[PDB]
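Okay, structure first, notes after.
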Amino acid sequence: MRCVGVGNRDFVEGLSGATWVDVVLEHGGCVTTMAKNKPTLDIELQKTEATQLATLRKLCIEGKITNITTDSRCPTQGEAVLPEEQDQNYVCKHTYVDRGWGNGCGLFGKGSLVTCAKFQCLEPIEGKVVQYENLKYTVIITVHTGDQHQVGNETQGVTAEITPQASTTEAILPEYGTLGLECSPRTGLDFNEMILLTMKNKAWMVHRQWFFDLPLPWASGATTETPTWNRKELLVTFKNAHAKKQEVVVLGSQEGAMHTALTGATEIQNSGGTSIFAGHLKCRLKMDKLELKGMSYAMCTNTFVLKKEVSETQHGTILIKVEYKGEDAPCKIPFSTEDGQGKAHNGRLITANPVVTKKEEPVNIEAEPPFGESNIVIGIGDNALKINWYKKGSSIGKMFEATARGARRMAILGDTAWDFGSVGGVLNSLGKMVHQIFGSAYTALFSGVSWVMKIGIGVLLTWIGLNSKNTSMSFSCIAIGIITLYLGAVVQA
Amino acid sequence: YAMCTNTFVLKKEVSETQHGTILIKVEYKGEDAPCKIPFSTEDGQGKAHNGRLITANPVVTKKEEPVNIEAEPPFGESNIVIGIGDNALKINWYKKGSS
Amino acid sequence: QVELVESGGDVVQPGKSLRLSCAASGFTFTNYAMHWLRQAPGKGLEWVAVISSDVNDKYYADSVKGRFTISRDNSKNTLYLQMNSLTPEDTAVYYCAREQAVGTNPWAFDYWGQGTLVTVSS
Amino acid sequence: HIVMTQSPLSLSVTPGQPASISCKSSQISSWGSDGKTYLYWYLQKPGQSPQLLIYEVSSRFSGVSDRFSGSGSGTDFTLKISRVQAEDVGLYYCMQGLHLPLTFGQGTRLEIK
Amino acid sequence: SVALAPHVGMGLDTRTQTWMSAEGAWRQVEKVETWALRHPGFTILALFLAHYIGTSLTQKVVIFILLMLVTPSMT
Amino acid sequence: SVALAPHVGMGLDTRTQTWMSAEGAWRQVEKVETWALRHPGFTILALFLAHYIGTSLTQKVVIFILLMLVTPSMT
Ligand SMILES: *[C@@H]1O[C@H](CO)[C@@H](O[C@@H]2O[C@H](CO)[C@@H](O[C@@H]3O[C@H](CO[C@@H]4O[C@H](CO)[C@@H](O)[C@H](O)[C@@H]4O)[C@@H](O)[C@H](O[C@H]4O[C@H](CO)[C@@H](O)[C@H](O)[C@@H]4O)[C@@H]3O)[C@H](O)[C@H]2NC(C)=O)[C@H](O)[C@H]1NC(C)=O
Ligand SMILES: *[C@@H]1O[C@H](CO)[C@@H](O[C@@H]2O[C@H](CO)[C@@H](O)[C@H](O)[C@H]2NC(C)=O)[C@H](O)[C@H]1NC(C)=O
């Protein structure tokens with residue numbers, strides 16, 4: 001019941017012959033998978049910690065200029081020289097100047113002066129790469145027990161840490177058995193082309209090549225005294241005051257400029273180690289050693305009384321909180337959805353098996369009814385509690401929402417979205433293969449095209465398809481226009 | 001030699017040569033004589049066998065010393081399995097490219 | 001946003017040693033050239049010592065030459081001022097100052113610490 | 001060592017009036033290589049650690065009210081305070097920074113008349 | 001400066017919001033709009049150039065849009 | 001402001017050198033070059049669009065150049 005009020009829960013119904021249902025654990029999301037007889041349980045990856053990462057290189061965002069020194073030679077003589085030109089910490093630019101008898105030189109013409117300056121950085125910005133032998137994913141597995149304090153609670157579950165070295169694991173549950181994960185973390189979010197960069201207690205994940213491309217003076221990265229800065233001319237600016245003499249100016253603080261240069265990069269907490277949020281992981285659930293643990297129990301004769309008003313979630317599932325009345329046994333909770341004058345039931349129990357645990361705490365069930373007027377009967381006797389509800393939506397709206405959600409999943413996760421709820425069907429493999437090929441082509445073509453430029457190119461290609469004599473219109477327009485407009489509309493995230 | 005009967009612990013993370021061969025380095029935590037290492041690379045979401053060892057006989061000579069098996073996985077995404085097959089080490093790796 | 005805090009000021013008889021620590025925060029401490037400063041009550045500010053960005057360019061004033069030791073520890077973000085052969089004239093409140101972020105001088109004062117007073121008497 | 005002399009040792013000005021301080025050096029503070037006069041000015045508020053007002057002479061440090069303005073060149077420099085508030089009471093210290101043994105001037109003071 | 005070259009189209013994106021999603025979504029289009037509002041005559045020049053270099057109508061519209069979008073973007 | 005819509009081209013110029021003619025002269029060209037060299041894939045689609053829009057070679061070429069200069073800077 002940890003995966004109840006999140007608003008991004010997406011149910012995974014059904015499992016294969018070998019019972020290895022699959023899910024793709026999205027960082028903000030949670031799955032709430034279930035089965036025909038297994039205990040329904042919800043899974044959500046939470047933190048994906050990384051640690052013992054090394055510093056690769058250091059960039060400089062604020063500079064100080066000291067010891068400005070200048071020399072000038074007469075015209076028709078070599079470029080002016082300082083003994084300070086060849087020091088590692090000096091930026092020095094030759095230039096020209098006019099001088100004649102007014103400057104004490106006999107021969108008129110353009111002379112050469114140079115202004116060397118010592119450059120020392122004040123606040124570097126480090127870019128630290130993360131390795132693969134230290135990445136540690138952390139997954140909570142909270143099982144729907146209908147416990148008193150399980151709805152919305154974020155501190156209930158059994159941690160199953162999964163590192164790339166020890167990919168597989170088996171999370172032992174309190175009383176429901178064992179659930180095994182064969183998760184594959186190497187195919188998830190790529191941590192090879194992603195380099196962390198940190199400034200002033202802020203850490204971001206940026207593409208590695210982009211981090212090298214950006215124009216700031218860098219250094220070796222290994223910590224030491226006086227890191228000899230390379231490409232340091234980007235900060236120092238050498239203004240020439242209309243050919244009479246030269247001035248040296250330091251550009252200023254680049255913190256704000258970088259805070260704009262990182263517009264599309266995700267952010268991660270950097271308080272202790274690196275709690276890298278904003279990831280995604282795929283995994284398959286063995287889900288064959290689990291036990292319902294409630295089948296042997298009986299059915300409670302005594303009545304049931306609720307404690308909170310019925311309130312459904314954003315996904316149209318009734319949630320019921322009911323406390324058992326006086327009796328001397330734990331049991332199964334009977335349950336049957338009924339219409340006002342129709343006894344056909346179409347409402348399932350998303351909770352596996354509602355069982356009273358300690359006789360004193362309310363056990364809160366969570367079950368979805370069919371859309372329309374349909375009351376709920378819980379107790380076995382004729383004095384049973386009869387909670388009545390009228391579901392608002394319709395099946396067509398649910399289908400539309402499902403299509404939109406699947407479109408979002410395929411637009412975000414890309415190639416691996418076809419394996420989300422995969423039962424192992426052959427058709428899903430073919431779909432994933434063709435989507436992988438088309439997605440590779442699309443990424444190659446559209447890599448780096450911005451949010452507005454995608455929409456522009458999409459509408460342009462849609463018009464080109466529409467006004468075409470050849471029978472490539474029905475392909476180009478539909479496919480490229482729809483795909484590109486959708487990706488432009490939902491690309492920024 | 002006989003067949004190995006205990007779990008293998010991966011000692012250094014798997015890396016790939018330019019040509020595609022994974023170079024695993026397993027260490028044997030088990031009280032047994034020198035013996036053959038069972039090795040089977042189940043393909044992506046299936047039992048199919050499409051990856052082969054490039055090392056002819058991956059045997060562990062001594063308990064203490066770690067061996068370093070080199071093998072090329074299936075060209076897509078696969079799961080290399082090293083061990084007795086029940087508690088075996090599922091070293092996962094993903095190859096990128098096109099045949 | 002810069003924050004400089006002092007520590008080590010206490011009463012002491014003449015001749016005995018004492019070490020003054022300047023903990024700093026809010027900036028990269030290792031890329032700076034810290035100073036020390038002091039002022040006796042009823043008197044003007046008096047310079048004490050400087051340690052450059054490179055740890056091997058220390059300097060001191062004439063009235064305090066050959067009697068004080070200044071040392072930085074980059075990792076612990078503290079500035080150590082080991083003072084020996086202190087006299088009742090040398091007692092004063094000691095200020096720990098930062099370098100000039102914007103400017104040309106290799107040595108200047110942007111920001112002053114809170115200030116600790118060391119009392120010297122018999 | 002540079003002898004620093006401040007013309008007033010105590011200024012009593014009524015609010016809304018200008019108060020000017022003259023600090024005359026003993027030798028030239030102009031660094032010949034760059035042609036910049038390296039002078040500094042600090043205000044120590046009552047019972048506070050001093051802050052910085054005028055790095056170099058023309059320039060002015062951030063977080064400083066626009067009223068303060070430095071002037072002068074070549075061993076004789078001058079501040080100006082167009083409007084004096086209750087918060088301008090303190091101990092203005094001219095200091096040279098050209099040569100390594102930094103010497104402050106004797107502390108002047110500014111009290112409201 | 002580095003304020004250009006935003007980390008926009010790299011493609012390694014996830015569910016969570018990026019650094020400045022809402023703030024950085026419309027920055028470029030706002031810049032183009034304010035430039036066009038500030039300098040009106042370039043619209044006349046672009047109309048003339050598109051008319052005298054565009055054969056069909058869609059070509060005219062596309063090249064005018066490209067010019068009006070590149071000039072503030074180019075600088 | 002953000003380093004977009006700079007001060008160039010406003011006028012009010014004279015013989016004395018401006019602020020950063022030394023560095024900002026080639027900045028946009030260098031940005032376009034580095035973006036094209038870091039994302040070479042978009043050139044194929046630019047050629048596709050240029051070939052499918054335009055009945056001549058002059059408008060083909062100008063549309064190609066306009067796309068190749070819009071996309072990186074409008075990024
Ligand atoms: C960059 O620009 C800065 C700008 O200041 C330069 O900083 C110089 O730092 C050095 C320190 O290494 C300063 O040296 C001091 O010179 C004083 C000059 O005194 C007179 O000059 C002659 C010439 O040598 C001296 O011999 C006489 O003593 C004269 O009085 C000198 O008095 C002073 O001595 C101090 O230190 C010693 C040692 O601790 C004490 O014994 C002494 O009592 C006193 O405390 C220093 O030697 C130099 O003055 C600074 N520059 C200026 C213009 O003042 C940098 O050198 C420039 N370059 C670099 C790479 O940073
Ligand atoms: C989430 O679960 C925890 C643990 O089950 C709940 O904390 C318990 O609260 C009750 C009543 O306040 C205490 O008697 C228990 O001792 C607590 N157990 C602990 C702290 O381990 C918590 O109330 C639940 N709900 C929330 C919102 O956290």
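Following the order of the structure tokens, first chain is A, next is B, and so on, with residues numbered from 1 inside each chain and ligands from 1 in the order they appear.
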Would you list the residues that come within 12 Å of ligand 2? Count only C-alpha atoms and all ligand atoms and give the answer as a PyMOL selection string.
chain A and resi 1-2+142+147-157+361
Kindly provide, as a compact mmCIF listing (two decimals) with N, CA, C and O atoms, in the first residue's frame, all nucleotide and amino acid residues lying within 8 Å of ligand 1, counting only C-alpha atoms and all ligand atoms.
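Result file follows (result_31.txt):
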# COMPACT_ATOMS: atom_id res chain seq x y z
N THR A 66 46.51 39.30 -11.40
CA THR A 66 47.52 39.99 -10.63
C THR A 66 48.78 40.16 -11.47
O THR A 66 49.02 39.40 -12.41
N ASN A 67 49.58 41.16 -11.11
CA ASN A 67 50.90 41.36 -11.71
C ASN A 67 50.80 41.61 -13.21
O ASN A 67 51.33 40.86 -14.03
N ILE A 68 50.12 42.70 -13.58
CA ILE A 68 50.04 43.08 -14.98
C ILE A 68 51.33 43.80 -15.36
O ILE A 68 51.69 44.83 -14.78
N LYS A 118 49.37 37.35 -14.60
CA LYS A 118 49.33 36.12 -13.83
C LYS A 118 47.89 35.77 -13.49
O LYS A 118 47.16 36.61 -12.95
N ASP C 57 55.31 30.75 0.82
CA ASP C 57 55.62 32.16 0.65
C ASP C 57 55.09 32.98 1.84
O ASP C 57 54.41 33.98 1.68
N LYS C 58 55.40 32.52 3.05
CA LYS C 58 54.96 33.20 4.25
C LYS C 58 55.75 34.49 4.47
O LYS C 58 56.89 34.62 4.02
N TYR C 59 55.12 35.45 5.15
CA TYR C 59 55.78 36.69 5.52
C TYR C 59 55.22 37.20 6.84
O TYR C 59 54.12 36.84 7.26
N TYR C 60 56.00 38.06 7.50
CA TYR C 60 55.64 38.60 8.80
C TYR C 60 56.09 40.05 8.88
O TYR C 60 56.88 40.53 8.07
N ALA C 61 55.57 40.76 9.89
CA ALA C 61 55.94 42.15 10.11
C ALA C 61 57.22 42.25 10.93
O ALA C 61 57.72 41.26 11.47
N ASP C 62 57.75 43.47 11.01
CA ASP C 62 59.01 43.69 11.72
C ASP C 62 58.86 43.45 13.22
O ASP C 62 59.66 42.74 13.83
N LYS C 65 58.64 39.68 13.87
CA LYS C 65 59.49 38.80 13.08
C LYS C 65 60.24 37.82 13.97
O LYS C 65 60.71 38.17 15.06
N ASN C 105 45.56 43.54 -6.63
CA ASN C 105 46.57 43.24 -5.62
C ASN C 105 46.55 41.76 -5.26
O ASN C 105 45.49 41.19 -5.00
N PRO C 106 47.72 41.11 -5.23
CA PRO C 106 47.78 39.75 -4.67
C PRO C 106 47.45 39.71 -3.19
O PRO C 106 47.13 38.63 -2.68
N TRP C 107 47.52 40.84 -2.49
CA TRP C 107 47.24 40.89 -1.06
C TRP C 107 46.27 42.03 -0.78
O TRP C 107 46.58 43.19 -1.04
N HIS D 1 57.95 50.03 4.95
CA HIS D 1 57.07 50.78 5.85
C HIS D 1 56.73 52.14 5.26
O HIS D 1 57.60 52.86 4.78
N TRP D 31 51.76 51.86 -8.31
CA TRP D 31 52.56 50.78 -8.86
C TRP D 31 52.87 51.08 -10.33
O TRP D 31 51.96 51.17 -11.15
N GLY D 97 48.60 49.40 0.31
CA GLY D 97 48.73 47.99 0.00
C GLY D 97 49.83 47.72 -1.00
O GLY D 97 50.02 46.59 -1.44
N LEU D 98 50.55 48.78 -1.38
CA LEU D 98 51.58 48.64 -2.40
C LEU D 98 52.71 47.73 -1.93
O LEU D 98 53.07 46.77 -2.61
N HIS D 99 53.26 48.01 -0.76
CA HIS D 99 54.39 47.26 -0.24
C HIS D 99 53.93 46.27 0.83
O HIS D 99 52.95 46.50 1.54
N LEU D 100 54.66 45.16 0.92
CA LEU D 100 54.19 44.02 1.70
C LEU D 100 53.93 44.34 3.16
O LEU D 100 52.88 43.92 3.68
N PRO D 101 54.80 45.05 3.89
CA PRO D 101 54.43 45.35 5.29
C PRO D 101 53.33 46.40 5.34
O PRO D 101 53.54 47.60 5.47
Neighbour list for stretch 77-81 of chain D as a PDB file with N, CA, C and O atoms, in the first residue's frame, cut-off 8 Å, only C-alpha atoms, skip fewer than 2 positions in-chain:
ATOM      1  N   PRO D  18      28.239  67.071   4.256  1.00  0.00           N
ATOM      2  CA  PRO D  18      29.364  66.246   3.804  1.00  0.00           C
ATOM      3  C   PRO D  18      30.552  66.272   4.751  1.00  0.00           C
ATOM      4  O   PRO D  18      30.903  67.322   5.298  1.00  0.00           O
ATOM      5  N   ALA D  19      31.172  65.113   4.950  1.00  0.00           N
ATOM      6  CA  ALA D  19      32.377  64.981   5.757  1.00  0.00           C
ATOM      7  C   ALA D  19      33.474  64.356   4.908  1.00  0.00           C
ATOM      8  O   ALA D  19      33.269  63.299   4.301  1.00  0.00           O
ATOM      9  N   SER D  20      34.633  65.006   4.866  1.00  0.00           N
ATOM     10  CA  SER D  20      35.738  64.591   4.013  1.00  0.00           C
ATOM     11  C   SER D  20      36.962  64.290   4.863  1.00  0.00           C
ATOM     12  O   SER D  20      37.261  65.024   5.810  1.00  0.00           O
ATOM     13  N   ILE D  21      37.663  63.216   4.520  1.00  0.00           N
ATOM     14  CA  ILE D  21      38.858  62.780   5.235  1.00  0.00           C
ATOM     15  C   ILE D  21      40.019  62.719   4.258  1.00  0.00           C
ATOM     16  O   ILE D  21      39.896  62.159   3.162  1.00  0.00           O
ATOM     17  N   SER D  22      41.153  63.291   4.651  1.00  0.00           N
ATOM     18  CA  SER D  22      42.349  63.315   3.821  1.00  0.00           C
ATOM     19  C   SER D  22      43.410  62.424   4.450  1.00  0.00           C
ATOM     20  O   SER D  22      43.778  62.619   5.613  1.00  0.00           O
ATOM     21  N   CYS D  23      43.902  61.456   3.682  1.00  0.00           N
ATOM     22  CA  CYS D  23      44.969  60.560   4.123  1.00  0.00           C
ATOM     23  C   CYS D  23      46.152  60.760   3.183  1.00  0.00           C
ATOM     24  O   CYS D  23      46.070  60.442   1.993  1.00  0.00           O
ATOM     25  N   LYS D  24      47.245  61.292   3.719  1.00  0.00           N
ATOM     26  CA  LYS D  24      48.440  61.561   2.932  1.00  0.00           C
ATOM     27  C   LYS D  24      49.506  60.519   3.236  1.00  0.00           C
ATOM     28  O   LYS D  24      49.860  60.302   4.398  1.00  0.00           O
ATOM     29  N   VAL D  57      41.154  53.488  -5.347  1.00  0.00           N
ATOM     30  CA  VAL D  57      40.657  54.784  -4.897  1.00  0.00           C
ATOM     31  C   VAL D  57      39.367  55.147  -5.624  1.00  0.00           C
ATOM     32  O   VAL D  57      38.378  55.530  -4.992  1.00  0.00           O
ATOM     33  N   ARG D  67      26.909  56.683  -1.424  1.00  0.00           N
ATOM     34  CA  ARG D  67      27.373  57.982  -0.953  1.00  0.00           C
ATOM     35  C   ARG D  67      28.891  58.042  -0.835  1.00  0.00           C
ATOM     36  O   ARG D  67      29.494  59.070  -1.157  1.00  0.00           O
ATOM     37  N   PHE D  68      29.522  56.962  -0.379  1.00  0.00           N
ATOM     38  CA  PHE D  68      30.968  56.960  -0.196  1.00  0.00           C
ATOM     39  C   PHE D  68      31.678  57.053  -1.541  1.00  0.00           C
ATOM     40  O   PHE D  68      31.290  56.393  -2.508  1.00  0.00           O
ATOM     41  N   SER D  69      32.719  57.883  -1.602  1.00  0.00           N
ATOM     42  CA  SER D  69      33.476  58.092  -2.828  1.00  0.00           C
ATOM     43  C   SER D  69      34.916  58.449  -2.500  1.00  0.00           C
ATOM     44  O   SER D  69      35.174  59.372  -1.722  1.00  0.00           O
ATOM     45  N   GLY D  70      35.851  57.743  -3.128  1.00  0.00           N
ATOM     46  CA  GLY D  70      37.272  57.973  -2.932  1.00  0.00           C
ATOM     47  C   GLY D  70      37.815  58.883  -4.021  1.00  0.00           C
ATOM     48  O   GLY D  70      37.336  58.862  -5.156  1.00  0.00           O
ATOM     49  N   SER D  71      38.811  59.684  -3.654  1.00  0.00           N
ATOM     50  CA  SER D  71      39.413  60.642  -4.566  1.00  0.00           C
ATOM     51  C   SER D  71      40.879  60.839  -4.213  1.00  0.00           C
ATOM     52  O   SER D  71      41.348  60.425  -3.151  1.00  0.00           O
ATOM     53  N   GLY D  72      41.595  61.478  -5.119  1.00  0.00           N
ATOM     54  CA  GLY D  72      42.991  61.793  -4.907  1.00  0.00           C
ATOM     55  C   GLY D  72      43.901  60.889  -5.718  1.00  0.00           C
ATOM     56  O   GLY D  72      43.500  59.822  -6.200  1.00  0.00           O
ATOM     57  N   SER D  73      45.148  61.326  -5.874  1.00  0.00           N
ATOM     58  CA  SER D  73      46.143  60.561  -6.611  1.00  0.00           C
ATOM     59  C   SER D  73      47.527  61.061  -6.229  1.00  0.00           C
ATOM     60  O   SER D  73      47.734  62.267  -6.072  1.00  0.00           O
ATOM     61  N   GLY D  74      48.469  60.133  -6.091  1.00  0.00           N
ATOM     62  CA  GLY D  74      49.837  60.503  -5.791  1.00  0.00           C
ATOM     63  C   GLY D  74      50.073  61.004  -4.381  1.00  0.00           C
ATOM     64  O   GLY D  74      50.332  62.194  -4.175  1.00  0.00           O
ATOM     65  N   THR D  75      49.965  60.106  -3.404  1.00  0.00           N
ATOM     66  CA  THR D  75      50.329  60.269  -1.992  1.00  0.00           C
ATOM     67  C   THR D  75      49.353  61.127  -1.194  1.00  0.00           C
ATOM     68  O   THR D  75      49.562  61.283   0.011  1.00  0.00           O
ATOM     69  N   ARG D  83      25.927  62.480   2.182  1.00  0.00           N
ATOM     70  CA  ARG D  83      24.968  62.551   3.273  1.00  0.00           C
ATOM     71  C   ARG D  83      25.406  61.592   4.367  1.00  0.00           C
ATOM     72  O   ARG D  83      25.708  60.427   4.090  1.00  0.00           O
ATOM     73  N   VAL D  84      25.448  62.078   5.601  1.00  0.00           N
ATOM     74  CA  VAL D  84      25.920  61.292   6.733  1.00  0.00           C
ATOM     75  C   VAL D  84      24.703  60.787   7.496  1.00  0.00           C
ATOM     76  O   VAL D  84      23.794  61.557   7.833  1.00  0.00           O
TER      77      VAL D  84
END
Residual C-alpha RMSD for chain E onto chain F, least squares, all atoms in order?
0.8 Å
So which residues of stretch 100-227 of chain A fall under alpha helix (DSSP H) by DSSP, listed as a list in words?
residues 208, 209, 210, 211, 212 and 213 of chain A
Would you kindly return, as a PyMOL selection string, each protein, DNA or RNA residue with an atom no farther than 7 Å from any atom of stretch 29-39 of chain F, considering only C-alpha atoms and excluding same-chain residues fewer than 5 positions away?
(chain A and resi 447-448) or (chain F and resi 69+72-73)
